[PDB]
Each structure stands twice: as C-alpha cells, then as structure tokens.
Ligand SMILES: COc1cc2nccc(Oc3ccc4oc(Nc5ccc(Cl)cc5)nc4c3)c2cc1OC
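Shown next as structure tokens: one chain only, the form deposited without the named molecule.
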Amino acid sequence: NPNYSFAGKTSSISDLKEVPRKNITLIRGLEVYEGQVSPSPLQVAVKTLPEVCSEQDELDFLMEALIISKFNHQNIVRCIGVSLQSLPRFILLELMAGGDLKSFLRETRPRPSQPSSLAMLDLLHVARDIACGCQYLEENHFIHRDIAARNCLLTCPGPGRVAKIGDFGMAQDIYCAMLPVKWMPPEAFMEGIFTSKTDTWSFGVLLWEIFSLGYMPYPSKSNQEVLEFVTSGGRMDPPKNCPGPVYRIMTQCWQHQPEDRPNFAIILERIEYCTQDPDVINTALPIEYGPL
C-alpha cells in the first residue's frame, strides 16, 4: 500500500478512480489498446498489466497510475481512471490517436509523395507543447528523468495536433544496457544527481530529435561512446536545415554546468522568439528521397 506524494499532497490506491470493468470495452491493439468507457462513449487508451507478472511489476503498475492521476496539465496525458479490481488490471488514459512523437516524425517526414507533410512551425509547436508540460513539472518540483521523443504522444496525426508527455518511468535514475544515456547530462550519469536542470538537458536532446525528424541522437555512436563524448565537452551538430536560433536553444540546454542551462520559462521564451522569426519558420525542411 505505497503512498505517493506530488505537490505536497499524498495519495494512495484508494484515491484512484475505479471504473467498473463492465463499462470498459477493448476495440483494438495499439500492451496498450484502444477502448471505450460507457450514445457517445468515451474513447480511451487502455494500458494492461500482464497477469503473469512479478510483484515488483504490480507495484510499478500501481505507482504509474498514482503518478499520472495526480498531474493536471493540458500537455500531460490525462488518466480517466483505473480498473484494478479485475484481471488483467487496467489503467485508462487519454487516447492519443497520433501515437508517439518519434514514430510520427519518421513516418511524416517530407517525401516526394508528401512534399509538405510538415513545416518548421509544426515542429516549433510540438517543442512549445512539450516545454509547456516540462514547465508544469518544474513548477511542481517533479523531475521527469526521462524526457525523449519516444515518451511524448500526439492527439492526432493531422493539423491541430497537440503534443503531450505520456510516460513517467524515470528511466535515467538508477536510484546498465537499458539506461537512456543519450538523454542524460554529466551529473546524472556520473553522480546520479537529478534536478530540473537535468530535464533541461534532456529537453535539448528532444529538440534535436524533433528538428532531425526522428533520428536517433548521436548518429553512429554507441552509449559508451556518447558518455565519453559528452563528458569531454562533445555536442551534437545541428540537424539538417536546422535554423541557427533553434540550434542555439539546444546548445544552451547542453551547457556543462546545470546553473548555466535555462529553466523552462526561458526555453519557452526562446521557442516563442523562433516562432515569430520569418527566417526561421520559412526555412524548408529537407525532403527525404522516395517514390511518388
């Protein structure tokens, strides 16, 4: 019966909104499923706990539910509720029909078949959306410890999409071959120290992911190669066609000392300035060659 504290308030399993299992219908796989909760039922994403799981997996599933349920921000995926009293156990989330941001960027790259699928403003809007969520976490003293394109989701694929932070596993914090080293600042991988300025660093890496249209950070480098590179002052080059003003946000996010990195209010200010600049937003994204 673990307690969870966020923004000075403590909650437990009893605070989670239990939805009767009979009101929940699974529609398709997306494990995660599209579902409906009951003339116009609510469309949801359903995250499931495998019945064949360990006891730690059970506790981790509960904690995930507690964490997400206590956030209240338009750029953090909503929790509709849970169904923990039937098996397999469910967490019911906001349906994000656009899927994860990394997959979206890769699949929606400008190609000859789709020459204007995305523009710079689309990318700056995604960046602003996630920075807004990050500012909310910072203001509420929550350290994400796992900001990355794979952990962000889109409301829909088409125009008007809103990006949100969707996953809260805190993968960077060991307090390893699964460690997301490519998103971690020096103090995190060396000393295991995390603060809101460690989220700033990771946001810089996300910005690179966005403006590269979904490339893996540090092209051709392994995890240890990246660790040694970043420790010695090495930084990524700009993504292809990346405007100078946008690259400078990245390089500010990657200052060696945490105190020299911007907070999320400043990041948002800088993203807004880029969004206003015609030379930035009139920059064409590269076209990835393919058939008509």
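Numbers for residues come from their place in the sequence shown, where the first is 1. Between two forms, the rigid core is the largest collection of C-alphas that superpose within 1.5 Å.
- Coordinates are given for every residue of the deposited sequence from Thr251 through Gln252, so that no gap is recorded there.
- In this entry, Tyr175 and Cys176 are separated by 4 to 9 residues of the deposited sequence that lack coordinates.
- As listed in the deposited structure, the average C-alpha B-factor of 46-54 and of 64-72 is greater for 46-54.
- When the two stretches 183-191 and 145-153 are set side by side, the higher mean Cα temperature factor goes to 183-191.
- As recorded in the PDB entry, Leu30 shows the highest C-alpha B-factor of the residues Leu30, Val246, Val230, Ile267.
- Listed residues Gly81, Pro115, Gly214, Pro88 were ranked by CA B-factor as deposited; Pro115 comes out on top.
- When the CA B factors of the chain's modelled residues are split into thirds, the value for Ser222 lands in the middle one.
- Among the modelled residues of the chain, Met170 sits in the highest third by CA temperature factor in this PDB entry.
- The deposited CA B-factor of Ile271 belongs to the lowest third of values across its chain.
- Sort the modelled residues of the chain by CA B factor and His125 lands in the lowest third.
- Per the PDB record, residue ranking by Cα B-factor puts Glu138 in the lowest third of the chain.
Separately, the form solved in complex with the named molecule exists; it is not shown, and the next lines address it.
- For this chain, the superposed copy of the named molecule, brought over from its placement in the deposited bound form, has 3 or more atoms within 2.4 Å of the backbone and C-beta atoms, so the pocket is blocked.
- Shown without its partner, this chain lists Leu206, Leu153, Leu124, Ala188 as candidates; in the deposited bound form, only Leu153 has a non-hydrogen atom within 4.5 angstroms of the named molecule.
- Think of it this way: in the deposited bound form, the named molecule has a heavy atom of just one of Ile76, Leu84, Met120, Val181 within 4.5 Å, and the residue is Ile76.
- When the named molecule is considered in the deposited bound form, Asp167 lines it closely, a heavy atom lying within 4.5 Å.
- Contact check for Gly192: no non-hydrogen atom falls within 4.5 Å of the named molecule in the deposited bound form.
- When contacts are judged by a 4.5 Å heavy atom cut-off, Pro112 does not count as touching the named molecule in the deposited bound form.
- Using a 4.5 Å cutoff between non-hydrogen atoms, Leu30 counts as a contact of the named molecule in the deposited bound form.
- Shown without its partner, the chain has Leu93, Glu94, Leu95, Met96, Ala97, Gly99 in segment 91-108 as residues with a non-hydrogen atom within 4.5 angstroms of the named molecule in the deposited bound form.
- Just one residue from the list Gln257, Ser232, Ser54, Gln224 crosses the 2 Å line for C-alpha shift between this form and the one not shown on a rigid core fit, and it is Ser54.
- Once both forms are overlaid on the rigid core, the distance between the two CA positions of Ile266 between this form and the one not shown is under 2 angstroms.
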